[PDB]
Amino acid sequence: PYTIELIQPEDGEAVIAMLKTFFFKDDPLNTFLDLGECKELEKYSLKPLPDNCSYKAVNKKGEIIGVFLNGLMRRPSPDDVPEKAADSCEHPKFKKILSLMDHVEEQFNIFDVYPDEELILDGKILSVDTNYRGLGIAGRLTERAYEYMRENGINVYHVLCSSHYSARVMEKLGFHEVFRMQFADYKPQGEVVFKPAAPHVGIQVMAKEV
C-alpha cells in the first residue's frame, strides 16, 4: 500500500537521502564507475523539482520508496548557444556520465523527431527501493506524469535510459526507442569508457506520445 505524490520543495533532503541509498549506488553507470559521494548528482537531481512534475512513491510509514524526477524541456531557440553539461563538472566520475549525455545530445536531438512540439517532458531520474521492486511502482510513477501532461497540453515524454534493462521497463509502459548507442561503440577519445556487463548493452532514448 503506497501513494504517488508530487514532490514538494521541502522534500529535497528526503529525495536525496533515498537516491543516495539506491540510484547513486545502483544505476548501472553509477555502479560501474563507483560514483561515491557526488554533490554534482545531488544538484542535478534537485534541479527539476520546482517544475512541479516530479513524483514520489511513499509507503504506509511515510517513507519514500521511489521517485521519478521530471523536468520540462524546451526546443532550442533559433539563436541557441549549445553548451556541454560536462564542462562545468569538477567530479571526474560524474563528468564521464555528463560527457556521455552530451555525446548523445550531439548525435540525437529529440526535437528533430517532433518538429511541432515546443515543450517535452523529460524523465531525468527514476529509482525504486530494492525491497519494493517488481511491483509496478516505476509504472505508477510514470503514469502520474501523464496527468500533468494532459493538464498542460504536453504530448511527448522523453526518457534516456542507462541500460536495456530499464529501457524494457519503459517499453512495457508503452514507450518506444527513438535512439540507441552501445557502450562498446561509445569511444569519445578513441577508447571505450563504459564496460558494464553485456546485458546492459548501452543507452536507449525512449519516448511516448500521450
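The first residue of the sequence shown is number 1, and the count goes up from there.
Engineer: Pick between 131 to 139 and 73 to 81: the one whose mean CA B-factor in the entry is higher.
Structural biologist: 73 to 81 has the higher mean C-alpha B-factor.
Engineer: So which stretch wins on mean C-alpha B-factor, 53 to 61 or 158 to 166?
Structural biologist: It is 53 to 61 that shows the higher mean C-alpha B-factor.
Engineer: Would you mind finding, among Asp122, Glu90, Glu118, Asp112, the residue with the largest C-alpha temperature factor in the entry?
Structural biologist: The C-alpha B-factor peaks, among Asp122, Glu90, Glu118, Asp112, at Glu90.
Engineer: Would you mind checking which of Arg180, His176, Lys43, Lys172 has the top Cα temperature factor in the PDB entry?
Structural biologist: Comparing C-alpha B-factors across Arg180, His176, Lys43, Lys172, the top value belongs to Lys43.
Engineer: By the record's CA B-factor, is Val192 among the lowest, middle or highest third of residues in the chain?
Structural biologist: Its C-alpha B-factor belongs to the highest third of this chain's values.
Engineer: Going by what the PDB entry lists, where does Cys38 fall on CA B-factor within its chain: lowest, middle or highest third?
Structural biologist: Its C-alpha B-factor, which the entry lists for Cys38, ranks in the highest third among residues of this chain.
Engineer: Quick check on the deposited entry: does the C-alpha B-factor of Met206 sit in the lowest, middle or highest third of its chain?
Structural biologist: Answer is lowest: the recorded C-alpha B-factor places it there.
Engineer: Going by the recorded CA B-factors, say which third of the chain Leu126 sits in, lowest, middle or highest.
Structural biologist: Answer is lowest: the recorded C-alpha B-factor places it there.
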